[PDB]
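This report concerns only the one structure given below.
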Amino acid sequence: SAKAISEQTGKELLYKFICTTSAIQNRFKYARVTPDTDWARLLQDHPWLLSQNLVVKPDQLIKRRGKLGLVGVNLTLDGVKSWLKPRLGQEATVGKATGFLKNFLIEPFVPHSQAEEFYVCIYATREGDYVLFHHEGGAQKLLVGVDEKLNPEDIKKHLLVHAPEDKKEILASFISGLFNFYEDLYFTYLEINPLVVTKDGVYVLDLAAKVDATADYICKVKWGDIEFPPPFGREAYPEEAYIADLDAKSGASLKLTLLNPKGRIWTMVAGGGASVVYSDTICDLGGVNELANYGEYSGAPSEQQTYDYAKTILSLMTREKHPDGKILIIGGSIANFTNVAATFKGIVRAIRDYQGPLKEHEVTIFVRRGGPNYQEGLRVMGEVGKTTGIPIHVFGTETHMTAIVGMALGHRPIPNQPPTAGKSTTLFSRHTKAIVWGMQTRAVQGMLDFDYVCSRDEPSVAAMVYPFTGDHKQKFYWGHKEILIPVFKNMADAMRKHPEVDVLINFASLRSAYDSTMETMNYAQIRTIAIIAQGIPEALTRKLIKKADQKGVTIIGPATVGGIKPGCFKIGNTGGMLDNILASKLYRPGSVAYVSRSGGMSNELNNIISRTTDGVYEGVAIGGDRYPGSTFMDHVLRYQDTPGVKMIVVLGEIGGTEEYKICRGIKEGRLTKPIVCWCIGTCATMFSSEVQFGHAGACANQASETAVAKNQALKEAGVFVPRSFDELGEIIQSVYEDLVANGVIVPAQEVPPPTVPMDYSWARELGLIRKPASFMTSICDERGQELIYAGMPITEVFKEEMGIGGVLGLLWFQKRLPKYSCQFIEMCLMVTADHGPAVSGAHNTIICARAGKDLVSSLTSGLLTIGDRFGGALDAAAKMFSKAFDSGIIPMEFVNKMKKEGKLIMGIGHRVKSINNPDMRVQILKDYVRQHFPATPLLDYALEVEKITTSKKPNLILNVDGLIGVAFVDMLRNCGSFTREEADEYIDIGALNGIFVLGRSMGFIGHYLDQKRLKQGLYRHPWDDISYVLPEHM
Amino acid sequence: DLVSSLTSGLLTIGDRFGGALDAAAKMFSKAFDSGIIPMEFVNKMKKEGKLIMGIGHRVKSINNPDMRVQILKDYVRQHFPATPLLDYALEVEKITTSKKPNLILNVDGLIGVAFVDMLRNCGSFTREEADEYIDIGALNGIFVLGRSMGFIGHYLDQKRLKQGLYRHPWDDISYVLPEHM
Amino acid sequence: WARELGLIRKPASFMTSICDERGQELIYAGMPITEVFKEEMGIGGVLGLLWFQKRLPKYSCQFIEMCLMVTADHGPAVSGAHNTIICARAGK
Ligand SMILES: CC(C)(COP(=O)(O)OP(=O)(O)OC[C@H]1O[C@@H](n2cnc3c(N)ncnc32)[C@H](O)[C@@H]1OP(=O)(O)O)[C@@H](O)C(=O)NCCC(=O)NCCS
Ligand SMILES: CC(C)(COP(=O)(O)OP(=O)(O)OC[C@H]1O[C@@H](n2cnc3c(N)ncnc32)[C@H](O)[C@@H]1OP(=O)(O)O)[C@@H](O)C(=O)NCCC(=O)NCCS
Ligand SMILES: Nc1ncnc2c1ncn2[C@@H]1O[C@H](COP(=O)(O)OP(=O)(O)O)[C@@H](O)[C@H]1O
Ligand SMILES: O=C(O)C[C@](O)(CC(=O)OP(=O)(O)O)C(=O)O
């Protein structure tokens, strides 16, 4: 996408980055004025306003300013002060468009003559860069190749035949320095007129330029935050730059151009060729002034990117009211790989967020869309119409594409019945094998679904290349049979192990497709390369075209879906899912072979040919870039030289002289087959100002490149050209019935294709099958916008200031516990955190840590010691004291009961701390429980048991194991969150086992991390500490 | 029992499950210590054929942020005195969201770069001490101690629901045994 | 019922090659369990079937069993046998 930059930006880019041994003069000598500028800011930032004479230029991408009376030559600062008074902020007219003057550029005047003025122009073509020169400014042509350098020896012989001898060396130092500046910053156009080179040096008086805006990832540092001004007649809007910010942050395309904010016809059309066709049809029926915007989205945007694109569009049309009302066209052709379900779910979400002001403006919405998962995309688009009250009319594949334009403008009625309903000739064959570059498993499965339905013997995909993983095998389907396709880290491993592969389908991104395509041209087996990425710079694409011309390799792309040859081979995602393959009967060859620019119209051309003709022989989308790898003529000629092709359908866009070649291909007699062509983009001439479309190559540099003039040229050469795109269907039909009458087309016998089983997830989503869920969970939901802990979102978990004990109640009990119950749980985890290395579990962690094991294994080896004799006294004492308290007996009888059973009371008895020397962990937790808990009946029972057992020995006190056991039970049945059978269940299933384990896991990890820091070696137990009592010989 | 059931799932934690906290902390600190700009770090890891650990979410991309990331990033900016590794990782995140919107800092990569930022910028640790704790696996223990809470909750859930013994279905298993070898 | 008569396809998330049990006989890497015992391979014979999926020769099978007897135990003082004894003495 070549975007024009201002004179100020290009001159600033020249002064910072040119490498000329001749001294460039008047560097940084520019002043920008606005209708909201201060003259004190000019005189303080730039001190040269009074020192020299001055000239003034309107910097709003205006050419021929010196002939329209907008240039003041040789005026003083005081002279240019009153010069801007009737002009800065007033109207103007350059051709047809009209606009204001918010920008003028003030530069010092140069005393020059007509013999001092030169003219340099460097512009890019497909074959290289043309460098121009004219001696009388106010010509010569040199072609520098794609991978060739413009050396200073070459300017003198060719570009300097009429230059004076005393000025040759200073221009050849400048022109060679200008072309390296042209190449480094990725300029596509660079015109300087006039170029005044006096004896003092080189003066750049004017500079009109266009840079390749897709090369922003290469030249981000050197450009800075470059701004692209709109053409004259249209202003810039902040919501236009919001969509342009979303475009540059992904491989998907998101374009928006606001033609008229007061227009009643708003478009949200999917596809950069579909939106052109919708804009042609709206402008065809007299809606040019009411066409509010041109905008497209393609490249499979996400639900969030489509929501951000839709909610920008919805916010633009709800700012001013219209008496007749406003129309939102949500259109598009049948998609190939764009998920219509995720696309429309973003649009439905945006409409529900904006249902208020769309009732105010009487917005009527017409929807026509097909593609992958389009049934529930159109389903939820029909639901949002009735629950919000917005009149939304939904149509699909069966409806014609631009039918809804006539329904919206009031030209055709509403069909209320069908809603909810060295290049080679043979590139592909039935033995064609491909290597797919990247993880596109759905795209590869679409190819293998195509092959089995086309009754192929072998799958198209032989290998896949993904550089970010090791060599493995990916499981796919050969119909109902599971096969494995090998994945390779390196391309050289894939090409060596698969010598039969002749096609590469390159699914690399825009910043990685250049290096992948030049690497695969080092293998002579690959004859066809398909480049899917859109956004590759035009300078890098020309190097792909140049090396493919040397190696004799066909390139389909860039910015294509690929192509389809029914019965033999399809490229990637072309033709959509298998629902669209069988609907369009793309499993058997027909008679039409078509070529097209966009991949969105190729799936529409699949539908148009299928309903009017016996089928498609071979479809190719060449891509929407400025320089495609293979053009229209490279394929229309392969189609002529193919016996299976009977008629050809060509679909082009505005821009380029490629569709002219067909006329000079037909007039010479090379093409003898009936050709039905149509060039889209007839509304750009009928617009006010120049509009650059979603395609990079959809720019009309000349009046010859316009789609109206190209359609007139093909009409003169005997090509069947309809009046518009909606009349393409019966012109293709009327040619087809003409060749059946002549008998050169005979329709074949229809054979039913081999059907495949339906996908499980696709059958489960729309409810034909039921499959039992083998798992049931209640503690955490993660398949949503937010992580949910037992019905509570993760932001509300942190907002309400619950801690680790708060989320422990959510994960383990699924309850909102009170803040004392949460804080008691955390205090239980700190007192059970560690108890030294001498205990049995901490011993086992240290041995496993000293044996060189990881954190997980060392934790585990000691954590598995926890059980009955180590760490079970919390759960044992809780079960012991609750059983005595529930089966209500006095504490004196409980002590006597357990004595006669020969069992010690669990949770009673310390080794050293007895009485008047209490356990401090017990005294911390007992003080908390008495102050904060509302009622502690089991604690008061256990303290009376403790009073009895300290009458026997002073040591027999409540442990920290028995305190936690009787107070955790007291926390469960006396906090209000739990019933009695619920609190008894959690003790029964082992919640207090988990309290010790989660607490003691902290100290065991700390014991692991301690032994790694101390760097302790492998432990062997001493032999003198082991008593060997082995048998004699048994 | 609780101990065996915790353990059988806790031992899955390692490199592919639960290792992205420790992997991203080692990954971003190595780039920041051997001082290179975040643009060069993204280009360095692309040519080595390795994805950046702690970068990239499945569903939450941009203008729909991860809420666990937004809770912890707001805490770290307000309370930490200096976060040089977080600011490095956020500039790496600015570059990777220019490629796909999904390539944001995970909750694995946020915790990894902010735990390192907590160690060397709280005053308790020296630089060789803070680098040792990351080297011996302190962030492995942070995931393991955290995820042990939910695994015990997953154990206690299945005991309450009284779920029977699980056998995997035979139709979900692809038997590719040899012929007679 | 829909999977049996072939209207849907659902991808198998697991792949195995060492044992087939969904038949009339248990199969160890293509070899039935009766032929395992008929041909007098031992524990080292079924180790070659389960771990390598191969018919190993009788010296290779018998060498595997001899490796398991010499690595069977090396006293209680080693680090692993220490940890087993601690966990056994803790009532596990
Ligand atoms: C070509 C296409 C399919 C693949 O691109 P994508 O899905 O956007 O991106 P990828 O999966 O290649 O990854 C994008 C980048 O993210 C990087 N990335 C992914 N995960 C990462 C991680 N965890 N850490 C760091 N980087 C990561 C990848 O390395 C890749 O880097 P690179 O672009 O510098 O090589 C996509 O661009 C597309 O859909 N294009 C539109 C198709 C089209 O133009 N058709 C038009 C005619 S119909
Ligand atoms: C006789 C003697 C050696 C043993 O008594 P002791 O050590 O005090 O107590 P014991 O170890 O028997 O245990 C005391 C009680 O605590 C109980 N007990 C111990 N652990 C317990 C636990 N975890 N839970 C509940 N009860 C427990 C025991 O069951 C015992 O109960 P009982 O007395 O009702 O049977 C001791 O009394 C003593 O030293 N006497 C002095 C010797 C003497 O008199 N000599 C004088 C002349 S030189
Ligand atoms: N820096 C300058 N110094 C002196 N004269 C200038 C300067 N810039 C432009 N002019 C005058 O403006 C006239 C036309 O300006 P320009 O914008 O270069 O071409 P046009 O407006 O015809 O496209 C020329 O005749 C030239 O004399
Ligand atoms: O969304 C759509 O219908 C078109 C598209 O997304 C991409 C596309 O073709 O854009 P283009 O027409 O500019 O080449 C697809 O899925 O093929």
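Here the Cβ positions follow ideal geometry from the backbone for every residue, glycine too, while neighbour counts run over all protein chains shown. Please treat every number below as a calculation from the coordinates, not as lab data.
Taking into account only those residues within the range A:877-894 that are part of a helix (DSSP H, G or I), surrounded by fewer than 20 Cβ atoms within 10 Å (Cβ to Cβ) and within 16 Å of ligand 2 (Cβ to nearest atom), which is nearest to the other protein chains (Cβ to nearest Cβ)? Among those that are part of a helix (DSSP H, G or I), surrounded by fewer than 20 Cβ atoms within 10 Å (Cβ to Cβ) and within 16 Å of ligand 2 (Cβ to nearest atom), it is A:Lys879.
Looking only at the range B:71-87, count every residue that is at the interface with chain A (Cβ under 10 Å from one of its Cβ atoms) and loosely packed, with under 13 Cβ neighbours inside 10 Å and tell me the total.
So in the range B:71-87, the residues at the interface with chain A (Cβ under 10 Å from one of its Cβ atoms) come out as B:71-72, B:74-75.
If we keep only those that are loosely packed, with under 13 Cβ neighbours inside 10 Å too, we end up with B:74-75.
Count: 2.
For the range A:414-429, does any single residue satisfy the condition of being part of a strand (DSSP E or B), surrounded by 20 or more Cβ atoms within 10 Å (Cβ to Cβ) and over 25 Å from the mean Cα position of the chain (by Cα)? Among the residues of the range A:414-429, not one is part of a strand (DSSP E or B), surrounded by 20 or more Cβ atoms within 10 Å (Cβ to Cβ) and over 25 Å from the mean Cα position of the chain (by Cα), which makes the answer no. Checking each residue in the range B:25-58 for being more than 12 Å from chain A (Cβ to nearest Cβ) and of a type in the set (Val, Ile, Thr) picks out B:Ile36, B:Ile55. Report yes if some residue within the range B:49-68 is assigned to a helix (DSSP H, G or I) and either under 30 Å from A:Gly1003 (Cβ atoms) or touching a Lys or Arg at 6+ places or on another chain (Cβ under 9 Å) (or both); otherwise report no. Yes, that holds for at least one residue.
Can you name the residue in the range A:753-809 that is of a type in the set (S, T, N, Q) and in a loop (DSSP other than H, G, I, E, B) and, of all such residues, is farthest from the other protein chains (Cβ to nearest Cβ)?
Step one: list which residues in the range A:753-809 are of a type in the set (S, T, N, Q), which gives A:755, A:761, A:774, A:777-778, A:785, A:795.
Keeping just the survivors that are in a loop (DSSP other than H, G, I, E, B) gives A:755, A:774, A:777-778, A:785.
Details: A:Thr755: 10, A:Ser774: 7, A:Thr777: 6, A:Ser778: 5, A:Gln785: 7 Å.
Top of the filtered list is A:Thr755.
Got a sec? Which strands (runs of 3 or more DSSP E) wholly within the range A:198-293 have at least 3 residues that are under 25 Å from A:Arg368 (Cα atoms) and not small (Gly, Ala, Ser)?
Details: elements: A:202-204, A:208-212, A:253-258, A:265-267.
Hits in the range A:198-293: A:253-258, A:265-267.
Check the range A:720-732 and report whether any residue there is within 14 Å of another protein chain (Cβ to nearest Cβ) and either touching an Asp or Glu at 6+ places or on another chain (Cβ under 9 Å) or surrounded by 15 or more Cβ atoms within 10 Å (Cβ to Cβ) (or both). The answer is no; no qualifying residue exists.
Contact map, the range A:1006-1021: first residue more than 14 Å from chain B (Cβ to nearest Cβ), second residue basic (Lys, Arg) and surrounded by 12 or more Cβ atoms within 10 Å (Cβ to Cβ), Cβ cut-off under 9 Å, separation 6 or more or different chains; pairs are A:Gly1017/A:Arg850; A:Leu1018/A:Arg850; A:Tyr1019/A:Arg850. Of the numbered criteria (1) at negative phi; (2) within 16 Å of ligand 4 (Cβ to nearest atom); (3) not hydroxyl-bearing (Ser, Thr, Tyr), the one A:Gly332 fails is (1).
Criterion first (within 14 Å of chain B (Cβ to nearest Cβ), more than 16 Å from ligand 3 (Cβ to nearest atom) and part of a helix (DSSP H, G or I)) does A:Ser516 satisfy it?
For A:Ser516, the condition - within 14 Å of chain B (Cβ to nearest Cβ), more than 16 Å from ligand 3 (Cβ to nearest atom) and part of a helix (DSSP H, G or I) - is met.
Filtering A:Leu582, A:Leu586 for residues that are part of a loop (DSSP other than H, G, I, E, B), away from ligand 2 (no atom under 16 Å from the Cβ) and touching a helix residue (DSSP H, G or I) at 6+ places or on another chain (Cβ under 8 Å) leaves a single hit, A:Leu586. All conditions in (1) within 13 Å of chain A (Cβ to nearest Cβ); (2) within 15 Å of ligand 1 (Cβ to nearest atom); (3) under 27 Å from A:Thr795 (Cβ atoms); (4) crowded, with 19+ Cβ neighbours inside 10 Å hold for B:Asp22, with the sole exception of (2). Mind checking which residues of the range A:842-860 are more than 46 Å from the chain's Cα centre (by Cα) and in a helix (DSSP H, G or I)? A:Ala842, A:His843, A:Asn844, A:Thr845, A:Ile846, A:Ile847, A:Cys848, A:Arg850 - these are the residues of the range A:842-860 that are more than 46 Å from the chain's Cα centre (by Cα) and in a helix (DSSP H, G or I). Scanning the range B:143-181 for residues that are within 9 Å of chain A (Cβ to nearest Cβ) and either acidic (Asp, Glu) or touching a helix residue (DSSP H, G or I) at 6+ places or on another chain (Cβ under 7 Å) (or both) gives B:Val144, B:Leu145, B:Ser148, B:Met149, B:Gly150, B:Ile152, B:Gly153, B:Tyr155, B:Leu156, B:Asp157, B:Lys159, B:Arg160. Considering the range A:829-841, the residues that are within 14 Å of chain C (Cβ to nearest Cβ) and either touching a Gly at 6+ places or on another chain (Cβ under 7 Å) or outside any loop (DSSP other than H, G, I, E, B) (or both) include one that is nearest to A:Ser1001 (Cα to Cα), namely A:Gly841. Per this entry, A:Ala548 is counted among residues that are away from ligand 1 (no atom under 11 Å from the Cβ) and buried (at least 17 other Cβ atoms within 10 Å of the Cβ).
Beta carbons closer than 8 Å, at least 6 apart along the sequence or on distinct chains, pair a first residue in the range A:885-908 that is within 21 Å of A:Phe870 (Cα to Cα) with a second that is within 8 Å of ligand 2 (Cβ to nearest atom) and outside any loop (DSSP other than H, G, I, E, B) for A:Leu904/A:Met898; A:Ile905/A:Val895; A:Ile905/A:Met898; A:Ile905/A:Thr949; A:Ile908/A:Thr949. Would you check if there is a residue in the range A:908-922 being away from ligand 2 (no atom under 15 Å from the Cβ), surrounded by fewer than 19 Cβ atoms within 10 Å (Cβ to Cβ), under 56 Å from the mean Cα position of the chain (by Cα) and not in a helix (DSSP H, G or I)? The answer is no; no qualifying residue exists.
Against the conditions (1) more than 11 Å from chain B (Cβ to nearest Cβ); (2) over 16 Å from B:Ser148 (Cα atoms), A:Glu826 satisfies every one except (2).
Working only within the range A:332-365, note down all residues that are within 16 Å of ligand 1 (Cβ to nearest atom), outside any helix (DSSP H, G or I) and surrounded by fewer than 24 Cβ atoms within 10 Å (Cβ to Cβ). Of everything in the range A:332-365, those that are within 16 Å of ligand 1 (Cβ to nearest atom), outside any helix (DSSP H, G or I) and surrounded by fewer than 24 Cβ atoms within 10 Å (Cβ to Cβ) turn out to be A:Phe337, A:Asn339.
Out of the residues in the range A:719-743 that are out of contact with any helix residue (DSSP H, G or I) (no Cβ under 8 Å at 6 or more places or on another chain) and among the β-branched types (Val, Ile, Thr), state the one that is nearest to A:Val708 (Cα to Cα). Please lay out each step first, then the result.
Taking the range A:719-743 and keeping what is out of contact with any helix residue (DSSP H, G or I) (no Cβ under 8 Å at 6 or more places or on another chain), we get A:723, A:727, A:731, A:734-735, A:737-743.
Right, trim to among the β-branched types (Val, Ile, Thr) and you get A:731, A:735, A:740.
Values: A:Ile731: 18, A:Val735: 22, A:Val740: 31 Å.
Looking at residues that are out of contact with any helix residue (DSSP H, G or I) (no Cβ under 8 Å at 6 or more places or on another chain) and among the β-branched types (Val, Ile, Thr), I get A:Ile731.
Checking each residue in the range B:103-142 for being within 26 Å of A:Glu786 (Cα to Cα), within 12 Å of chain A (Cβ to nearest Cβ) and either hydroxyl-bearing (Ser, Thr, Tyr) or part of a helix (DSSP H, G or I) (or both) picks out B:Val107, B:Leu139, B:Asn140, B:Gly141, B:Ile142. The residues of the range A:951-976 that are more than 10 Å from ligand 2 (Cβ to nearest atom), more than 14 Å from chain B (Cβ to nearest Cβ) and part of a helix (DSSP H, G or I), listed by number, are A:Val960, A:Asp961, A:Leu963, A:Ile964, A:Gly965, A:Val966, A:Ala967, A:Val969, A:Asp970, A:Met971. Among the residues making up the range A:178-215, those that are of a type outside the set (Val, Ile, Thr), touching a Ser or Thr at 6+ places or on another chain (Cβ under 8 Å) and under 16 Å from A:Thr21 (Cβ atoms) are A:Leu178, A:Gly201.
Just need a number here: residues in the range A:308-329 that are within 12 Å of chain B (Cβ to nearest Cβ) and within 16 Å of ligand 4 (Cβ to nearest atom).
Step one: filter the range A:308-329 for residues within 12 Å of chain B (Cβ to nearest Cβ), giving A:308-309, A:311-312.
If we keep only those that are within 16 Å of ligand 4 (Cβ to nearest atom) as well, we get A:309.
Here the count works out to 1.
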